[PDB]
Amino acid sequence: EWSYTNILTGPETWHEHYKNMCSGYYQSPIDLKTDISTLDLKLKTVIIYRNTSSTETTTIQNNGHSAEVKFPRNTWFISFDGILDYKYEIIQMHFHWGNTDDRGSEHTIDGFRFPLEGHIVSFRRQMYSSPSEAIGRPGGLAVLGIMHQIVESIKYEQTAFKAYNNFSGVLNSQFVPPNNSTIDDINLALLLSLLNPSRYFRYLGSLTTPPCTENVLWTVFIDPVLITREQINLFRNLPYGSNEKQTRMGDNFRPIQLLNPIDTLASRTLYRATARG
């Protein structure tokens, strides 16, 4: 299959093992360059919102490459246009992090890596009726990237882990793949309120794992939410799957792709949003 740390199956090989579409020219992640991006004032504040009549359980799984929160259907949503009419429905949230505090994110901002990048994955329910219809089809997906940065002095209640409800304690050395547990729901609205939801990069790109499908509308918020060293080390306690060379989970990020590889047949543009000033 594929891995992050086994040189035989790792990211440098994906273009060959998964030509469709890891060999394409609209890949992610990229370096988000503030100076080489176009400000687009039409891009509105992002809203995350919940169907309050949903009662189904949230679960989490160590799938061998990340910790992935699976949300029940019809429960959490994204609006990019201020209307709460269920155009984008959230499916899951997973994470990318480093062996050390100075790396881990997949995207960079002006060359800078964060310790932890969370990915809220949604499908365009406006057009497609289910996650499995959308996931392999054009324009099917929209992902939100949330950067986290480590602070030494902070109350629990002001960290991202309050929104995550500490993942109900599941991040530990005994959370072996492919175990899954029920967890308290993640308050994704609170999470979003920990940063500026108007201030983000926006571009068309891909999944960052095989098969690297080029059907993702990316939104990467510029301001990070805050965590402690203790919290980042929790993720580091998870074991990798048996496909990986490294034992403990870490450095589960894809290397940086160019916005426009030289063989592109139609250049893409990196956009930036900011609040109505």
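Sequential numbering from 1, following the sequence displayed.
- Between 141 to 149 and 168 to 176, it is 168 to 176 that carries the larger average Cα temperature factor according to the deposited entry.
- Stretches 180 to 188 and 97 to 105 differ in mean C-alpha B factor, with the higher average recorded for 180 to 188.
- Comparing the listed residues 45, 208, 252, 55, the entry records the largest Cα B-factor for 55.
- The entry assigns its greatest Cα B factor, within the set 220, 30, 41, 216, to 41.
- Remark: residue 224 belongs to the lowest third of its chain, ranked by C-alpha B-factor as recorded.
- Split the chain's modelled residues into thirds by C-alpha temperature factor. Residue 75 is in the middle one.
- Residue-level temperature factors show residue 240 in the highest third of its chain, judged at the C-alpha atom.
- Among all modelled residues in this chain, the alpha-carbon of residue 22 has a temperature factor (C-alpha) in the middle third.
- Among all modelled residues in this chain, the alpha-carbon of residue 154 has a temperature factor (C-alpha) in the highest third.
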